[PDB]
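Written below as structure tokens is the structure these notes are about.
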Amino acid sequence: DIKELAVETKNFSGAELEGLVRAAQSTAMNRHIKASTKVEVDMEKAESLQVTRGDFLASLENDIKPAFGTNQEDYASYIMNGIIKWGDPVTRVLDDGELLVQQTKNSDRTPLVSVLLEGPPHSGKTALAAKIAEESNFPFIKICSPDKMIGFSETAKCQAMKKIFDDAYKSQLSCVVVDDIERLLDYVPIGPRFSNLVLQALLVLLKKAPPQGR
Amino acid sequence: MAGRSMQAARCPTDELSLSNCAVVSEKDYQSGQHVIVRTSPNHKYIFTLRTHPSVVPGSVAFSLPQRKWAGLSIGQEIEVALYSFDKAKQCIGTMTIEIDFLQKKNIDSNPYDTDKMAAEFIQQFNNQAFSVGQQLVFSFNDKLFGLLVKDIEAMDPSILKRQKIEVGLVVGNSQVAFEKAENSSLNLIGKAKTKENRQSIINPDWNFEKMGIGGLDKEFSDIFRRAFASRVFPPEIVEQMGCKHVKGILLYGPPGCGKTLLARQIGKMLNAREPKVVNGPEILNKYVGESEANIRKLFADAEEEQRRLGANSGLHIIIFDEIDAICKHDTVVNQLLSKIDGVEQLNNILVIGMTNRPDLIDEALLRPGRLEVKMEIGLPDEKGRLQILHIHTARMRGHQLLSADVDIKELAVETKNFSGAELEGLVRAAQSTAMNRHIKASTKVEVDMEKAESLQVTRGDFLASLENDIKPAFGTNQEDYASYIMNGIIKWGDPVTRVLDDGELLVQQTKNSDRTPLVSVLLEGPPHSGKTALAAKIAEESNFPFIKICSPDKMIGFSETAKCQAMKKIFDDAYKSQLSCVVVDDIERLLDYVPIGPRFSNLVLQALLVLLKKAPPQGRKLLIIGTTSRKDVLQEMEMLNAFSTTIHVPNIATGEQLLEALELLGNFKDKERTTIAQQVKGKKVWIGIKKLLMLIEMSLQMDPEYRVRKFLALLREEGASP
Amino acid sequence: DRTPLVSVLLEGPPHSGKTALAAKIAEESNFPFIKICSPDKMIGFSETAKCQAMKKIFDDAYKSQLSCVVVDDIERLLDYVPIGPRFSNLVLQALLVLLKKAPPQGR
Ligand SMILES: Nc1ncnc2c1ncn2[C@@H]1O[C@H](COP(=O)(O)OP(=O)(O)OP(=O)(O)O)[C@@H](O)[C@H]1O
Ligand SMILES: Nc1ncnc2c1ncn2[C@@H]1O[C@H](COP(=O)(O)OP(=O)(O)OP(=O)(O)O)[C@@H](O)[C@H]1O
Ligand SMILES: Nc1ncnc2c1ncn2[C@@H]1O[C@H](COP(=O)(O)OP(=O)(O)OP(=O)(O)O)[C@@H](O)[C@H]1O
Ligand SMILES: Nc1ncnc2c1ncn2[C@@H]1O[C@H](COP(=O)(O)OP(=O)(O)O)[C@@H](O)[C@H]1O
Ligand SMILES: [Mg+2]
Ligand SMILES: [Mg+2]
Numbered sequence: 425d426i427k428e429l430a431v432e433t434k435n436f437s438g439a440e441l442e443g444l445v446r447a448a449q450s451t452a453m454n455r456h457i458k459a460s461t462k463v464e465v466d467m468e469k470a471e472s473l474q475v476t477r478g479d480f481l482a483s484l485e486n487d488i489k490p491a492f493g494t495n496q497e498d499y500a501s502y503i504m505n506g507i508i509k510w511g512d513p514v515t516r517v518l519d520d521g522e523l524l525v526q527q528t529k530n531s532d533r534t535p536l537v538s539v540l541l542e543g544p545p546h547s548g549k550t551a552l553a554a555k556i557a558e559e560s561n562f563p564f565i566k567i568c569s570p571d572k573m574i575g576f577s578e579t580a581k582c583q584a585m586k587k588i589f590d591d592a593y594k595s596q597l598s599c600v601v602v603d604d605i606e607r608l609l610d611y612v613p614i615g616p617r618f619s620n621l622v623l624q625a626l627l628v629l630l631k632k633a634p635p636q637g638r
Numbered sequence: 001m002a003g004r005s006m007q008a009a010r011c012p013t014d015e016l017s018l019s020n021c022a023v024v025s026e027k028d029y030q031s032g033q034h035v036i037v038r039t040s041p042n043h044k045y046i047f048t049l050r051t052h053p054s055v056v057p058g059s060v061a062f063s064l065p066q067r068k069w070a071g072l073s074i075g076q077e078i079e080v081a082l083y084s085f086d087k088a089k090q091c092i093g094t095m096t097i098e099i100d101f102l103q104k105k106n107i108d109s110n111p112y113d114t115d116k117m118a119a120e121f122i123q124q125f126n127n128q129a130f131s132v133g134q135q136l137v138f139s140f141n142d143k144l145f146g147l148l149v150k151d152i153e154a155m156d157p158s159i160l161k169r170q171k172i173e174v175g176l177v178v179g180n181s182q183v184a185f186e187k188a189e190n191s192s193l194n195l196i197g198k199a200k201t202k203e204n205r206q207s208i209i210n211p212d213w214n215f216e217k218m219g220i221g222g223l224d225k226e227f228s229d230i231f232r233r234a235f236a237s238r239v240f241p242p243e244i245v246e247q248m249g250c251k252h253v254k255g256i257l258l259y260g261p262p263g264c265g266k267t268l269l270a271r272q273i274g275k276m277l278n279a280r281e282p283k284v285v286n287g288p289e290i291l292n293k294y295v296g297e298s299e300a301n302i303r304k305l306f307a308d309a310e311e312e313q314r315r316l317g318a319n320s321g322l323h324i325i326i327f328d329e330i331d332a333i334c335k347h348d349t350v351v352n353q354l355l356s357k358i359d360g361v362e363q364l365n366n367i368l369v370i371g372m373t374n375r376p377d378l379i380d381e382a383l384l385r386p387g388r389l390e391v392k393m394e395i396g397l398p399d400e401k402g403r404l405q406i407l408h409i410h411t412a413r414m415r416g417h418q419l420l421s422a423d424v425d426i427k428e429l430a431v432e433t434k435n436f437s438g439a440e441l442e443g444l445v446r447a448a449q450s451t452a453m454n455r456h457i458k459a460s461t462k463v464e465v466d467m468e469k470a471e472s473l474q475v476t477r478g479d480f481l482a483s484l485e486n487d488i489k490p491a492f493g494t495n496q497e498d499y500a501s502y503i504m505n506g507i508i509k510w511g512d513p514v515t516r517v518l519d520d521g522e523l524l525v526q527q528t529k530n531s532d533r534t535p536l537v538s539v540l541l542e543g544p545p546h547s548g549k550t551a552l553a554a555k556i557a558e559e560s561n562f563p564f565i566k567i568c569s570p571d572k573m574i575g576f577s578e579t580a581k582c583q584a585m586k587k588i589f590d591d592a593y594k595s596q597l598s599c600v601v602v603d604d605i606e607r608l609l610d611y612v613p614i615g616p617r618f619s620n621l622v623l624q625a626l627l628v629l630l631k632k633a634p635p636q637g638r639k640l641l642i643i644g645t646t647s648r649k650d651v652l653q654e655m656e657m658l659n660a661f662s663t664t665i666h667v668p669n670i671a672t673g674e675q676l677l678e679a680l681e682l683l684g685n686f687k688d689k690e691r692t693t694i695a696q697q698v699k700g701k702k703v704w705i706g707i708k709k710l711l712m713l714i715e716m717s718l719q720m721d722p723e724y725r726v727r728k729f730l731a732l733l734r735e736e737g738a739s740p
Numbered sequence: 532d533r534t535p536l537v538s539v540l541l542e543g544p545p546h547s548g549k550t551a552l553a554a555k556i557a558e559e560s561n562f563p564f565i566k567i568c569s570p571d572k573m574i575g576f577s578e579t580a581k582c583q584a585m586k587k588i589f590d591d592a593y594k595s596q597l598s599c600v601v602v603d604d605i606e607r608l609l610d611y612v613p614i615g616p617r618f619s620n621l622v623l624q625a626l627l628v629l630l631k632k633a634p635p636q637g638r
């Protein structure tokens with residue numbers, strides 16, 4: 425069926441659908457080929473060369489990698505050893521996250537909501553945000569982390585952050601994560617010596633309604 | 001019925017734990033009754049109740065699997081309400097249950113009859129509530145298994161009179184289907200084995216041994232499926248389907264891992280031409296008019312063939328190289355893009371791009387229609403090395419010139435981090451040494467026909483050649499150690515024994531653990547106490563295939579960005595091995611610190627802080643060792659939170675230690691030793707080992723009469739308060 | 532053999548002949564290779580150039596199997612001035628790093 429395939433591809437660009445269709449045929453037609461000292465086209469089963477649902481499903485999961493769509497590696501290495509209960513605080517945090525992520529999807533007077541986690545160091549406040557993001561179920565999920573800006577100057581950081589935030593305005597729903605806000609600003613208490621060109625952009629960005637109805 | 005607030009408890013007996021039924025008191029409920037447990041407004045669970053006398057009234061007991069599944073904790077409050085099942089619809093017909101061994105220590109390969117498992121499951125859990133995703137423990141033949149509910153189906157109407172549901176009631180006529188978990192070794196036999204998610208790919212039956220390529224199977228299959236799969240069917244069918252042939256492939260990986268063979272070998276699988284190599288940097292020739300002229304000349308043959316034969320010519324190939332340099347020049351990139359993509363382009367071409375830098379590659383050149391299929395070729399694992407050695411040593415084994423002592427498995431196990439191009443070199447070196455064995459060439463070059471028979475390559479030939487001929491790239495750095503540990507290691511007291519002992523308790527954890535793929539340790543102490551000489555002595559004994567030392571002496575006069583780039587490059591190189599160990603020493607000098615100000619480079623500190631907390635790709639392990647002399651300064655910058663542990667290397671602080679160290683150094687005689695002991699047995703000592711060595715060397719220069727006097731005067735002058 | 536590298540610092544009051552006296556010890560050394568690096572030869576140079584000069588001098592000294600390099604007026608080399616204080620960090624770092632790097636084996 426063609427109707428069903430239009431509900432499992434979310435935020436798929438125009439050309440990637442052509443890509444999926446093209447990749448759904450090589451797998452179907454790669455079965456009916458036998459090679460023995462030379463690739464030889466099969467003869468007995470040459471007929472009945474029909475593309476089947478299996479090809480489409482395999483191509484949708486391991487062939488086309490979308491661009492403006494959910495990732496599968498970013499929030500795969502952050503949460504490392506699952507989450508295990510040790511009292512009330514875990515339940516409280518998870519429930520609050522779920523409430524916020526449902527408000528940001530069934531509301532019309534507040535298109536933008538932001539929440540800040542904090543606590544003492546070495547407490548697990550970066551594996552409790554990726555879990556909320558993965559349970560959000562939003563089509564577009566990115567992760568802006570300082571791990572990919574080693575050695576950058578201030579201007580490069582500003583440009584990268586602006587581009588990442590801009591990319592999030594092209595979908596009907598979006599969730600974004602910022603890790604170690606203290607590291608983006610380069611705080612060092614022999615000082616301080618913060619960067620005033622990144623702190624005057626991070627403040628502005630967090631108050632900017634998306635274009636319309638997003 | 002309305003609901004009452006109870007308290008969670010622990011299961012009283014193992015038998016009730018296996019029953020999967022929450023234990024309650026008779027005064028509260030009755031056996032067989034089903035209830036719903038509420039932990040939050042959005043958390044509800046259904047359980048089957050069983051009565052046991054030991055359960056205190058007002059509390060509900062749950063087994064460990066139940067608590068984990070429902071997120072319950074002992075002592076937490078829950079709400080319990082009586083639950084009624086609609087047997088007309090909630091009756092269950094069939095189950096699909098994922099069964100896996102509960103304990104890894106008791107895994108066995110013996111077959112299990114699923115038909116008996118279903119009968120036992122029904123006989124036990126009849127008239128019990130089950131929900132999708134429920135985790136429980138099932139006992140069969142005195143064996144414990146972990147069962148996970150996957151699917152639930154409604155029961156059909158009776159004869160007198169397959170809906171999917173989330174929860175229902177199990178009965179005697181219910182059917183159970185068992186499926187082994189992913190990668191499970193459980194063996195299931197019988198008719199109750201129906202499973203789901205049965206989707207895979209069927210590929211042609213290749214014979215890798217006859218080819219030459221070994222250890223690269225999935226990449227070959229995927230490339231053949233995605234790139235060349237649609238250039239062998241008749242031209243009529245492809246026209247009907249409307250497909251468009253792919254026009255690009257980008258393979259990247261370390262140098263010398265079979266990248267070019269993986270293309271040449273597939274070249275002759277299809278009747279076609281041979282590749283025309285084109286170097287990456289050679290195309291950059293001075294001025295325009297030669298580079299463009301040659302670029303045009305590249306495709307002349309293909310254009311002529313297409314004009315002559317139209318859509319019937321054979322395929323051509325162009326094995327690129329170092330595409331990183333040619334792109335980012348811009349004229350060449352634009353010309354290539356126009357030739358491949360646009361309106362005027364050829365349909366009998368296929369560009370294969372190769373490179374070593376995957377990140378520096380340009381973005382505009384990677385997009386559907388252009389180079390699209392990007393693949394990675396990595397270092398071979400044990401099986402790859404075994405197959406490569408088998409294939410590369412077939413001709414010799416066919417002529418009966420290989421001794422029976424040679425074991426391929428042992429060589430594969432010993433050789434670690436070998437790329438694969440060196441594996442060929444090892445065989446050549448072994449053959450060369452074996453041949454040189456029998457050359458009786460003294461006086462004049464001759465041949466020893468007496469022992470020329472059986473020109474074999476015995477294990478000694480391989481091992482003797484593995485240490486003086488082949489130097490792996492991603493391998494041990496065996497020359498640095500001679501410059502750092504200059505005068506051995508001397509055990510001058512208890513502390514040295516302890517510190518070195520720690521060097522094991524960490525080095526083992528990084529090799530035999532999976533919950534901690536990154537460890538760190540910061541060695542520190544007073545100046546001239548021997549810190550940098552105790553890190554190499556541990557990294558060497560760690561027995562790790564890859565070792566490096568990022569000393570600051572190799573970078574003199576560098577600017578901040580250069581140091582950051584160098585450190586990033588070293589760490590990136592270290593990331594590409596199954597095991598590693600990176601030693602960074604004299605951290606204070608890297609930061610460019612000086613007490614006035616203070617002043618330091620604010621960028622290197624941030625780079626170092628970020629690097630010390632970034633885990634490597636999955637399945638690989640790392641270990642970082644530091645070395646510093648100013649601990650308070652490093653604590654002010656908040657740097658001891660990054661490191662996981664620290665050790666304290668002490669200084670010589672007793673007369674006995676001084677005397678014993680002097681003895682072990684073995685320089686002075688007995689009379690002078692006694693005199694020094696008498697003179698120095700009434701004062702405190704605070705001296706570094708390096709300073710002690712330097713003082714001894716300085717004092718040995720004087721004449722024999724006044725050696726002891728000079729040594730004692732120097733020690734007195736050097737002595738200072740702690 | 533236990534101390535392939537040795538360094539000694541001469542200090543004293545201003546205009547006490549420290550600069551010239553060391554040249555005497557250097558001459559009496561009889562070492563095959565000798566060299567003196569002084570700020571006088573470096574007038575108007577930039578900070579990035581003096582580091583290269585020092586690196587080249589030490590690299591040349593490494594080659595032989597015996598050497599004796601003399602540096603005079605370590606303070607004036609830094610551009611130190613009592614006011615501030617002020618100086619060049621790069622030169623100080625190069626000096627500190629280069630005073631502990633031993634030469635190849637046997638030299
Ligand atoms: N609430 C939790 N319950 C159980 N396990 C947890 C919990 N939070 C985190 N973990 C586990 O502990 C580890 C958390 O490491 P993580 O990198 O998140 O540390 P952190 O203290 O949050 O980091 P940082 O110091 O950079 O802020 C992961 O293995 C995660 O699985
Ligand atoms: N038990 C020992 N522990 C440490 N060093 C020893 C020992 N026995 C002998 N040595 C010698 O001590 C010297 C160690 O000096 P090292 O290079 O570690 O200096 P350091 O204390 O790190 O100096 P710095 O303050 O400049 O960093 C080496 O020559 C080593 O041969
Ligand atoms: N006995 C002596 N010892 C040392 N220098 C002497 C002596 N007699 C004469 N001189 C002269 O004194 C001078 C000492 O050298 P010079 O003046 O360069 O050193 P300095 O005054 O320490 O320099 P600076 O002030 O820059 O450190 C030389 O001209 C040397 O020949
Ligand atoms: N997977 C493999 N199996 C067998 N031999 C291999 C394999 N990979 C590389 N080799 C050997 O190493 C050499 C690889 O050279 P090549 O890959 O062309 O160099 P480069 O990787 O620099 O292009 C070949 O001669 C081949 O015999
Ligand atoms: Mg973190
Ligand atoms: Mg040292």
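Protein chains in written order, with the entry's author numbering: chain C, 425 to 638; chain B, 1 to 161, 169 to 335, 347 to 740; chain A, 532 to 638. We put the CB at the ideal spot given by N, CA and C, even for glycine.
Residue from the options whose Cα sits closest to the Cα of residue i
i: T494(C); options: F562(C), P613(C), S619(C), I503(C); result: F562(C)
i: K689(B); options: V667(B), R233(B), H666(B), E723(B); result: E723(B)
Segment limits, beta strand (DSSP E) that includes residue i
i: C568(A); result: 565 to 568
i: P111(B); result: 111 to 113
i: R169(B); result: Segment: none, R169(B) is in no beta strand (DSSP E) and carries neither H nor E.
i: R4(B); result: 4 to 10
Cβ separation of residue i and residue j, assumed to be a contact under 8 Å, to the nearest whole Å
i: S538(B); j: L630(B); result: 6 Å
i: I333(B); j: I290(B); result: 6 Å
i: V517(C); j: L552(C); result: 6 Å
i: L82(B); j: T39(B); result: That belief does not hold up - the Cβ atoms of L82(B) and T39(B) are roughly 17 Å apart, past 8 Å.
Per-residue DSSP class, three states only, for residue i
i: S483(C); result: helix
i: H34(B); result: strand
i: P65(B); result: helix
i: residue 340(B); result: Residues lacking coordinates in chain B include everything strictly between 335 and 347, among them residue 340(B).
i: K458(C); result: strand
i: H666(B); result: strand
Boundaries of the alpha helix (DSSP H) in which residue i is found, first to last residue
i: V178(B); result: Element bounds for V178(B): n/a, residue is neither H nor E.
i: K335(B); result: Taken as a continuous stretch (DSSP letters only), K335(B) belongs to no alpha helix (DSSP H), as it is neither H nor E.
i: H43(B); result: That residue, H43(B), is in no alpha helix (DSSP H); its beta strand (DSSP E) goes 43 to 51.
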